[PDB]
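Trainee: This is the content of structure23.txt (compact mmCIF, C-alpha atoms and all ligand atoms):
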# COMPACT_ATOMS: atom_id res chain seq x y z
CA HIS E 4 2.45 -20.77 -1.97
CA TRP E 5 0.86 -17.66 -3.48
CA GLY E 6 2.81 -15.06 -5.38
CA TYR E 7 2.80 -13.11 -8.61
CA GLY E 8 3.99 -15.69 -11.11
CA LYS E 9 2.12 -17.45 -13.92
CA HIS E 10 1.32 -20.42 -11.74
CA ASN E 11 0.61 -18.77 -8.37
CA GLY E 12 -0.50 -15.24 -9.28
CA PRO E 13 -3.70 -13.27 -8.63
CA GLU E 14 -5.90 -15.45 -10.87
CA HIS E 15 -5.04 -18.45 -8.63
CA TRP E 16 -5.50 -16.87 -5.22
CA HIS E 17 -9.22 -17.69 -4.91
CA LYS E 18 -8.42 -21.40 -4.55
CA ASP E 19 -6.74 -20.88 -1.17
CA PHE E 20 -8.54 -17.59 -0.34
CA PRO E 21 -12.14 -17.73 -1.59
CA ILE E 22 -12.76 -14.17 -0.40
CA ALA E 23 -10.74 -13.21 -3.49
CA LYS E 24 -14.12 -13.18 -5.30
CA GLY E 25 -15.83 -11.26 -2.49
CA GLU E 26 -18.04 -8.21 -2.36
CA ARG E 27 -15.47 -5.58 -1.33
CA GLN E 28 -12.13 -6.56 -2.91
CA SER E 29 -9.22 -4.24 -3.69
CA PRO E 30 -7.72 -2.65 -5.63
CA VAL E 31 -10.24 -1.08 -7.99
CA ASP E 32 -10.28 1.31 -10.92
CA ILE E 33 -11.15 4.82 -9.80
CA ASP E 34 -13.46 6.26 -12.44
CA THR E 35 -12.98 9.94 -11.74
CA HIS E 36 -16.14 11.01 -13.44
CA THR E 37 -18.32 8.54 -11.46
CA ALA E 38 -16.76 9.22 -8.01
CA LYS E 39 -18.97 11.62 -6.09
CA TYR E 40 -17.78 14.58 -4.14
CA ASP E 41 -18.89 14.24 -0.54
CA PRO E 42 -18.77 17.67 1.11
CA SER E 43 -19.20 16.05 4.53
CA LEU E 44 -15.82 14.27 4.24
CA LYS E 45 -13.33 15.87 6.63
CA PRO E 46 -9.74 16.75 5.75
CA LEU E 47 -7.32 13.95 6.41
CA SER E 48 -5.18 14.31 9.52
CA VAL E 49 -1.72 12.78 9.07
CA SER E 50 0.27 13.09 12.27
CA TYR E 51 3.66 11.52 11.65
CA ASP E 52 5.91 13.90 13.63
CA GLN E 53 6.68 11.30 16.32
CA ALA E 54 6.95 8.31 13.98
CA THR E 55 9.49 5.70 15.05
CA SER E 56 10.67 3.49 12.21
CA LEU E 57 12.49 0.35 13.32
CA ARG E 58 13.35 -2.09 10.58
CA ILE E 59 13.02 -2.84 6.90
CA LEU E 60 12.13 -6.37 5.78
CA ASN E 61 12.03 -8.21 2.43
CA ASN E 62 9.10 -10.58 3.00
CA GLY E 63 9.26 -12.23 -0.43
CA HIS E 64 6.32 -10.20 -1.74
CA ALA E 65 7.49 -6.59 -1.19
CA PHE E 66 9.60 -4.78 1.40
CA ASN E 67 8.07 -3.33 4.56
CA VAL E 68 9.35 -0.39 6.54
CA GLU E 69 8.05 -1.18 10.03
CA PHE E 70 7.14 1.22 12.82
CA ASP E 71 6.74 1.11 16.59
CA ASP E 72 2.96 0.86 16.92
CA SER E 73 2.90 0.27 20.69
CA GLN E 74 1.85 3.92 21.29
CA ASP E 75 0.02 6.70 19.38
CA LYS E 76 3.19 8.03 17.68
CA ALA E 77 2.21 8.13 14.01
CA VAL E 78 -1.52 8.20 13.40
CA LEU E 79 -4.07 8.82 10.73
CA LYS E 80 -7.40 10.39 11.68
CA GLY E 81 -10.15 12.42 10.04
CA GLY E 82 -11.23 12.01 6.47
CA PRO E 83 -13.75 9.17 6.30
CA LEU E 84 -12.41 7.65 9.51
CA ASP E 85 -13.90 7.36 12.96
CA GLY E 86 -11.26 7.15 15.65
CA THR E 87 -7.52 6.83 15.48
CA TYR E 88 -5.48 4.54 13.26
CA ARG E 89 -1.83 3.77 14.04
CA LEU E 90 0.86 3.41 11.40
CA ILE E 91 2.38 -0.08 11.48
CA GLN E 92 4.28 -0.31 8.17
CA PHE E 93 4.54 0.98 4.65
CA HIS E 94 5.45 -0.82 1.47
CA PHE E 95 5.16 -0.44 -2.28
CA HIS E 96 3.94 -2.33 -5.31
CA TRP E 97 5.76 -1.75 -8.62
CA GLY E 98 6.20 -2.90 -12.18
CA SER E 99 8.82 -4.33 -14.46
CA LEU E 100 8.27 -1.29 -16.72
CA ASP E 101 7.27 2.29 -15.96
CA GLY E 102 3.88 1.76 -17.68
CA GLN E 103 2.58 -0.56 -14.96
CA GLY E 104 2.96 -1.30 -11.26
CA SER E 105 0.16 0.40 -9.39
CA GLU E 106 -2.73 -1.60 -7.94
CA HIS E 107 -5.38 1.11 -8.07
CA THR E 108 -5.84 2.73 -11.46
CA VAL E 109 -7.31 6.13 -12.32
CA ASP E 110 -9.57 6.08 -15.37
CA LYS E 111 -7.74 2.84 -16.22
CA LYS E 112 -4.33 4.56 -16.02
CA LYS E 113 -1.63 2.52 -14.33
CA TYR E 114 1.15 4.31 -12.45
CA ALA E 115 4.72 2.99 -12.12
CA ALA E 116 4.22 2.11 -8.49
CA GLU E 117 1.98 2.58 -5.47
CA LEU E 118 2.88 3.28 -1.85
CA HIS E 119 0.68 1.87 0.91
CA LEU E 120 0.90 3.32 4.42
CA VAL E 121 -0.88 0.75 6.58
CA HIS E 122 -2.70 1.75 9.78
CA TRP E 123 -4.88 -0.14 12.27
CA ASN E 124 -7.83 1.06 14.33
CA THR E 125 -6.74 1.47 17.93
CA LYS E 127 -10.15 0.41 19.23
CA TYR E 128 -9.20 -3.17 18.34
CA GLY E 129 -5.95 -3.25 20.33
CA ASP E 130 -3.63 -4.78 17.74
CA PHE E 131 -3.27 -5.47 14.05
CA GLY E 132 -4.27 -9.13 14.24
CA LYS E 133 -7.62 -8.28 15.81
CA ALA E 134 -8.12 -5.25 13.58
CA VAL E 135 -7.93 -7.27 10.35
CA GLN E 136 -10.95 -9.30 11.55
CA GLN E 137 -13.10 -6.14 11.54
CA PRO E 138 -14.80 -4.29 8.67
CA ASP E 139 -13.30 -1.00 9.86
CA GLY E 140 -10.06 -2.45 11.18
CA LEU E 141 -7.51 -0.87 8.84
CA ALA E 142 -6.96 2.35 6.98
CA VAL E 143 -4.50 2.20 4.10
CA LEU E 144 -3.25 5.48 2.62
CA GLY E 145 -2.38 4.86 -1.03
CA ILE E 146 -0.09 7.18 -2.99
CA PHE E 147 0.76 6.80 -6.66
CA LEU E 148 4.32 7.06 -7.97
CA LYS E 149 5.19 8.36 -11.42
CA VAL E 150 8.65 8.45 -12.90
CA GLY E 151 10.24 11.88 -13.34
CA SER E 152 12.16 13.93 -10.77
CA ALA E 153 13.66 12.14 -7.78
CA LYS E 154 11.86 12.06 -4.44
CA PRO E 155 14.57 13.06 -1.99
CA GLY E 156 12.73 11.56 0.98
CA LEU E 157 12.70 8.15 -0.67
CA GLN E 158 16.44 7.90 -1.16
CA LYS E 159 17.26 6.49 2.30
CA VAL E 160 14.88 3.61 1.52
CA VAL E 161 16.42 3.03 -1.92
CA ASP E 162 19.95 2.92 -0.52
CA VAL E 163 19.29 0.20 2.07
CA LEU E 164 17.69 -2.21 -0.45
CA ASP E 165 21.07 -3.76 -1.31
CA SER E 166 21.16 -5.08 2.24
CA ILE E 167 17.74 -6.82 2.00
CA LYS E 168 17.98 -8.22 -1.52
CA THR E 169 16.40 -11.57 -0.78
CA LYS E 170 13.37 -12.99 1.01
CA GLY E 171 13.68 -13.01 4.80
CA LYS E 172 16.45 -10.43 5.04
CA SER E 173 15.95 -7.48 7.34
CA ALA E 174 18.00 -4.47 8.33
CA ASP E 175 17.83 -1.84 11.06
CA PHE E 176 15.99 1.20 9.69
CA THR E 177 15.60 3.80 12.38
CA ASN E 178 14.79 7.51 12.20
CA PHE E 179 13.07 7.41 8.84
CA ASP E 180 10.49 10.16 8.39
CA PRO E 181 7.53 9.03 6.27
CA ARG E 182 6.42 12.65 5.84
CA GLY E 183 9.06 12.86 3.11
CA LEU E 184 6.97 10.47 0.97
CA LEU E 185 3.79 12.59 0.86
CA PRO E 186 2.65 14.80 -1.99
CA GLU E 187 1.67 18.44 -1.40
CA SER E 188 -2.09 17.88 -1.52
CA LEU E 189 -4.06 15.50 0.70
CA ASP E 190 -7.10 15.47 -1.65
CA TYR E 191 -8.32 11.85 -1.80
CA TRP E 192 -10.79 9.23 -3.00
CA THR E 193 -12.12 6.75 -0.47
CA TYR E 194 -14.01 3.45 -0.59
CA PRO E 195 -14.41 0.25 1.47
CA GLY E 196 -12.16 -2.59 0.39
CA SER E 197 -9.68 -5.26 1.30
CA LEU E 198 -6.05 -6.22 1.68
CA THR E 199 -4.66 -6.56 -1.85
CA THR E 200 -2.64 -9.68 -0.97
CA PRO E 201 -3.68 -12.84 0.77
CA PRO E 202 -5.46 -13.25 3.10
CA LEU E 203 -7.46 -10.59 1.17
CA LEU E 204 -9.49 -9.71 4.26
CA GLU E 205 -12.27 -7.15 3.81
CA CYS E 206 -11.12 -4.87 6.60
CA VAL E 207 -9.76 -1.78 4.87
CA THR E 208 -10.96 1.77 4.46
CA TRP E 209 -8.96 2.82 1.39
CA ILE E 210 -7.85 6.43 1.13
CA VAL E 211 -6.10 7.05 -2.20
CA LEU E 212 -4.47 10.43 -2.76
CA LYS E 213 -5.19 12.19 -6.04
CA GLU E 214 -1.71 13.72 -6.36
CA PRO E 215 1.08 11.31 -7.24
CA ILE E 216 4.63 11.70 -6.09
CA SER E 217 7.48 11.71 -8.59
CA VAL E 218 10.41 9.37 -8.18
CA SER E 219 13.41 9.05 -10.50
CA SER E 220 14.05 6.26 -13.00
CA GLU E 221 17.12 5.37 -10.91
CA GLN E 222 15.04 5.08 -7.76
CA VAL E 223 12.48 2.68 -9.28
CA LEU E 224 15.25 0.70 -11.02
CA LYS E 225 16.63 -0.07 -7.56
CA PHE E 226 13.23 -1.47 -6.48
CA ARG E 227 13.48 -3.82 -9.49
CA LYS E 228 16.81 -5.23 -8.32
CA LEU E 229 15.21 -6.85 -5.29
CA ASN E 230 14.49 -10.59 -5.34
CA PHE E 231 11.36 -12.63 -4.55
CA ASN E 232 13.59 -15.62 -3.80
CA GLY E 233 15.70 -16.40 -0.78
CA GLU E 234 19.48 -16.27 -0.66
CA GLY E 235 21.04 -19.18 -2.52
CA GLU E 236 17.90 -19.76 -4.59
CA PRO E 237 17.54 -19.03 -8.31
CA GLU E 238 17.20 -15.28 -8.89
CA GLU E 239 13.67 -14.06 -9.59
CA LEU E 240 13.45 -10.28 -9.75
CA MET E 241 10.85 -8.71 -7.49
CA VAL E 242 8.80 -6.90 -10.15
CA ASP E 243 5.09 -6.78 -10.97
CA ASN E 244 4.06 -7.47 -7.40
CA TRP E 245 0.66 -5.86 -7.98
CA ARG E 246 -2.88 -7.22 -8.03
CA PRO E 247 -5.02 -5.90 -10.90
CA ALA E 248 -8.27 -3.99 -10.46
CA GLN E 249 -11.19 -6.00 -9.05
CA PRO E 250 -14.92 -5.54 -9.64
CA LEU E 251 -16.41 -2.52 -7.84
CA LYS E 252 -19.69 -4.38 -7.22
CA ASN E 253 -22.00 -2.55 -4.84
CA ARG E 254 -19.65 0.27 -3.85
CA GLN E 255 -19.39 4.01 -4.40
CA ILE E 256 -16.06 5.79 -4.49
CA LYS E 257 -16.27 9.18 -2.74
CA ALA E 258 -14.03 12.17 -3.44
CA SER E 259 -12.94 14.72 -0.87
CA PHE E 260 -12.60 17.38 -3.57
CA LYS E 261 -14.49 18.93 -6.46
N1 LIG N 301 -1.31 -4.24 0.14
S1 LIG N 301 -2.17 -3.89 1.41
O1 LIG N 301 -3.55 -4.15 1.25
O2 LIG N 301 -1.80 -2.56 1.95
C1 LIG N 301 -1.66 -4.98 2.69
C2 LIG N 301 -1.37 -4.54 3.95
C3 LIG N 301 -0.99 -5.48 5.02
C4 LIG N 301 -0.92 -6.80 4.69
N2 LIG N 301 -0.61 -7.83 5.59
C5 LIG N 301 0.05 -7.70 6.80
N3 LIG N 301 0.43 -6.53 7.30
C6 LIG N 301 1.03 -6.53 8.49
CL1 LIG N 301 1.47 -5.07 9.21
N4 LIG N 301 1.22 -7.66 9.17
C7 LIG N 301 0.84 -8.83 8.65
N5 LIG N 301 1.04 -10.04 9.37
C8 LIG N 301 0.84 -11.30 8.72
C9 LIG N 301 2.14 -11.72 8.10
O3 LIG N 301 1.96 -12.84 7.32
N6 LIG N 301 0.23 -8.85 7.46
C10 LIG N 301 -1.22 -7.28 3.35
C11 LIG N 301 -1.56 -6.40 2.38
ZN ZN N 302 0.00 -2.97 -0.49
Please re-express this file's structure in structure tokens.
Ligand SMILES: NS(=O)(=O)c1ccc(Nc2nc(Cl)nc(NCCO)n2)cc1
Ligand SMILES: [Zn+2]
Mentor:
Amino acid sequence: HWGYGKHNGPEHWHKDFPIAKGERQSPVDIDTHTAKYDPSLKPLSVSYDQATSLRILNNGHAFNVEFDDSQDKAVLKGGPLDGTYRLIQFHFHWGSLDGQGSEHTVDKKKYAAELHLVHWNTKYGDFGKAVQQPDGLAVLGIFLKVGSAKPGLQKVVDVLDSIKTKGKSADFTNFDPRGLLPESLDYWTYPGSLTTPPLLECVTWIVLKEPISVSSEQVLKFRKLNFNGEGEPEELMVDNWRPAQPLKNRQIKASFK
């Protein structure tokens, strides 16, 4: 099965998922000087006030904080998007060291981690149908750098002990994802893909320019998770990121000058 090791990592994925070498793969390097300001891009609308978190799951690749997406309770609209996209889950990708971990890079700079808030286009009815569409998903990407703690992340950090291994889940209600956002919603946007198998080309990427700061202690707790299941040899869940893929025939647009 695919993963992030030497023998099943990103350079191997194309064998089971040929779209890995496709025309709109993610992540990518964001070359800030080549991105073009698009004055027609609208401000992002992040409406998370009625978000209902339910559960947190270690899926063997990352951990997902899952939301009730059976109504318009937490939605992303505006920006480059047409219509309404519902929040279904967020997760992170992170490194074994603070100098790596993000999937997108900015002028080749790697951040310590990257948060993905995953949303699906309500015109397609559910996530499974949405991922089959070129405009099916909108993923809001937020970089993490190590410095001051992010207070709104701490409730996530403190439950990780209870989902150490693959397949473990825990109740995770009343978590407010607004506490994970930076001050500014300035963003870059481009058409891309899921960054893990099945690597489907269904995502409008919206990557915020402003990173959030998390503490060394907070990211160290991410690195104590396991890729393996309980009772299997311990393999730390670190470096669960795909590297930058070729931009090919795409332009990255900026919402800001
Ligand atoms: N890293 S990412 O591109 O944001 C991303 C987002 C979602 C998924 N996949 C996903 N996301 C959800 Cl909410 N459900 C399922 N069901 C399939 C489970 O195998 N798969 C993969 C990568
Ligand atoms: Zn992701």
Trainee: Please write as number ranges by chain the list of polymer residues whose atoms come within 12 Å of (13.5, -9.2, -9.3), counting all atoms listed in the file and keeping to the coordinates of the file.
Mentor: E: 7-8, 61, 63-65, 97-99, 168-170, 223-233, 237-244
Trainee: Which one is closest to residue 191 (chain E): E:212, E:141, E:109, E:164? Count all atoms listed in the file.
Mentor: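 That would be E:212, the residue with the smallest distance to residue 191 (chain E).
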Trainee: Please compute the CA of residue 59 (chain E)-CA of residue 20 (chain E) distance, one decimal, in Å.
Mentor: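 Straight-line distance from CA of residue 59 (chain E) to CA of residue 20 (chain E) works out to 27.1 Å.
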Trainee: Would you mind listing the residues within 7 Å of ligand LIG 301 (chain N), counting all atoms listed in the file, as an MDAnalysis selection string?
Mentor: chainID E and resid 91:92 119:121 131 143 197:201
Trainee: Taking into account all atoms listed in the file, which residue in the set E:195, E:28, E:123, E:37 is nearest to residue 72 (chain E)?
Mentor: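 Between E:195, E:28, E:123, E:37, the residue approaching residue 72 (chain E) most closely is E:123.
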Trainee: Out of E:55, E:203, E:180, E:125, which residue has the shortest atom-to-atom distance to ligand ZN 302 (chain N) when counting only C-alpha atoms and all ligand atoms?
Mentor: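 Selected residue with least distance to ligand ZN 302 (chain N): E:203.
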Trainee: When you count only C-alpha atoms, which of these residues is closest to residue 43 (chain E): E:56, E:166, E:259, E:67?
Mentor: E:259
Trainee: Rank E:213, E:257, E:252, E:107 by their smallest atom-to-atom distance to ligand ZN 302 (chain N), using only C-alpha atoms and all ligand atoms, and report the top residue only.
Mentor: E:107
Trainee: Rebuild region 82-97 of chain E to N, CA, C and O atoms - output it as a PDB file, in the coordinates of the input, please.
Mentor:
ATOM      1  N   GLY E  82     -10.754  12.565   7.718  1.00  0.00           N
ATOM      2  CA  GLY E  82     -11.230  12.010   6.470  1.00  0.00           C
ATOM      3  C   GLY E  82     -12.510  11.233   6.683  1.00  0.00           C
ATOM      4  O   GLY E  82     -13.444  11.706   7.335  1.00  0.00           O
ATOM      5  N   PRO E  83     -12.577  10.012   6.137  1.00  0.00           N
ATOM      6  CA  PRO E  83     -13.750   9.170   6.300  1.00  0.00           C
ATOM      7  C   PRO E  83     -13.738   8.390   7.619  1.00  0.00           C
ATOM      8  O   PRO E  83     -14.688   7.671   7.910  1.00  0.00           O
ATOM      9  N   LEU E  84     -12.665   8.540   8.392  1.00  0.00           N
ATOM     10  CA  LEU E  84     -12.410   7.650   9.510  1.00  0.00           C
ATOM     11  C   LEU E  84     -13.052   8.120  10.804  1.00  0.00           C
ATOM     12  O   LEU E  84     -13.091   9.324  11.094  1.00  0.00           O
ATOM     13  N   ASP E  85     -13.529   7.147  11.571  1.00  0.00           N
ATOM     14  CA  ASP E  85     -13.900   7.360  12.960  1.00  0.00           C
ATOM     15  C   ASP E  85     -12.783   6.802  13.827  1.00  0.00           C
ATOM     16  O   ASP E  85     -12.365   5.654  13.656  1.00  0.00           O
ATOM     17  N   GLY E  86     -12.294   7.600  14.756  1.00  0.00           N
ATOM     18  CA  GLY E  86     -11.260   7.150  15.650  1.00  0.00           C
ATOM     19  C   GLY E  86      -9.864   7.355  15.093  1.00  0.00           C
ATOM     20  O   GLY E  86      -9.636   8.154  14.184  1.00  0.00           O
ATOM     21  N   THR E  87      -8.932   6.600  15.659  1.00  0.00           N
ATOM     22  CA  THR E  87      -7.520   6.830  15.480  1.00  0.00           C
ATOM     23  C   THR E  87      -6.907   5.561  14.943  1.00  0.00           C
ATOM     24  O   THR E  87      -7.186   4.489  15.460  1.00  0.00           O
ATOM     25  N   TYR E  88      -6.124   5.687  13.880  1.00  0.00           N
ATOM     26  CA  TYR E  88      -5.480   4.540  13.260  1.00  0.00           C
ATOM     27  C   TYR E  88      -3.969   4.701  13.307  1.00  0.00           C
ATOM     28  O   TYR E  88      -3.437   5.723  12.862  1.00  0.00           O
ATOM     29  N   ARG E  89      -3.274   3.695  13.825  1.00  0.00           N
ATOM     30  CA  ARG E  89      -1.830   3.770  14.040  1.00  0.00           C
ATOM     31  C   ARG E  89      -1.051   3.185  12.899  1.00  0.00           C
ATOM     32  O   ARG E  89      -1.346   2.068  12.464  1.00  0.00           O
ATOM     33  N   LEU E  90      -0.013   3.898  12.459  1.00  0.00           N
ATOM     34  CA  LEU E  90       0.860   3.410  11.400  1.00  0.00           C
ATOM     35  C   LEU E  90       1.671   2.229  11.897  1.00  0.00           C
ATOM     36  O   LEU E  90       2.358   2.308  12.935  1.00  0.00           O
ATOM     37  N   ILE E  91       1.601   1.118  11.160  1.00  0.00           N
ATOM     38  CA  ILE E  91       2.380  -0.080  11.480  1.00  0.00           C
ATOM     39  C   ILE E  91       3.494  -0.358  10.475  1.00  0.00           C
ATOM     40  O   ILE E  91       4.589  -0.760  10.870  1.00  0.00           O
ATOM     41  N   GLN E  92       3.257  -0.085   9.193  1.00  0.00           N
ATOM     42  CA  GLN E  92       4.280  -0.310   8.170  1.00  0.00           C
ATOM     43  C   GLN E  92       3.872   0.397   6.892  1.00  0.00           C
ATOM     44  O   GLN E  92       2.694   0.708   6.710  1.00  0.00           O
ATOM     45  N   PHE E  93       4.847   0.677   6.030  1.00  0.00           N
ATOM     46  CA  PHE E  93       4.540   0.980   4.650  1.00  0.00           C
ATOM     47  C   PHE E  93       5.336   0.085   3.725  1.00  0.00           C
ATOM     48  O   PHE E  93       6.372  -0.483   4.096  1.00  0.00           O
ATOM     49  N   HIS E  94       4.810  -0.050   2.512  1.00  0.00           N
ATOM     50  CA  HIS E  94       5.450  -0.820   1.470  1.00  0.00           C
ATOM     51  C   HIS E  94       4.976  -0.291   0.138  1.00  0.00           C
ATOM     52  O   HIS E  94       4.104   0.578   0.071  1.00  0.00           O
ATOM     53  N   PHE E  95       5.524  -0.838  -0.930  1.00  0.00           N
ATOM     54  CA  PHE E  95       5.160  -0.440  -2.280  1.00  0.00           C
ATOM     55  C   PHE E  95       4.807  -1.671  -3.116  1.00  0.00           C
ATOM     56  O   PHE E  95       5.185  -2.814  -2.796  1.00  0.00           O
ATOM     57  N   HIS E  96       4.117  -1.391  -4.215  1.00  0.00           N
ATOM     58  CA  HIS E  96       3.940  -2.330  -5.310  1.00  0.00           C
ATOM     59  C   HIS E  96       4.452  -1.657  -6.568  1.00  0.00           C
ATOM     60  O   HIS E  96       4.236  -0.446  -6.743  1.00  0.00           O
ATOM     61  N   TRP E  97       5.134  -2.377  -7.453  1.00  0.00           N
ATOM     62  CA  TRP E  97       5.760  -1.750  -8.620  1.00  0.00           C
ATOM     63  C   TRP E  97       5.845  -2.707  -9.792  1.00  0.00           C
ATOM     64  O   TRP E  97       5.602  -3.908  -9.659  1.00  0.00           O
TER      65      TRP E  97
END
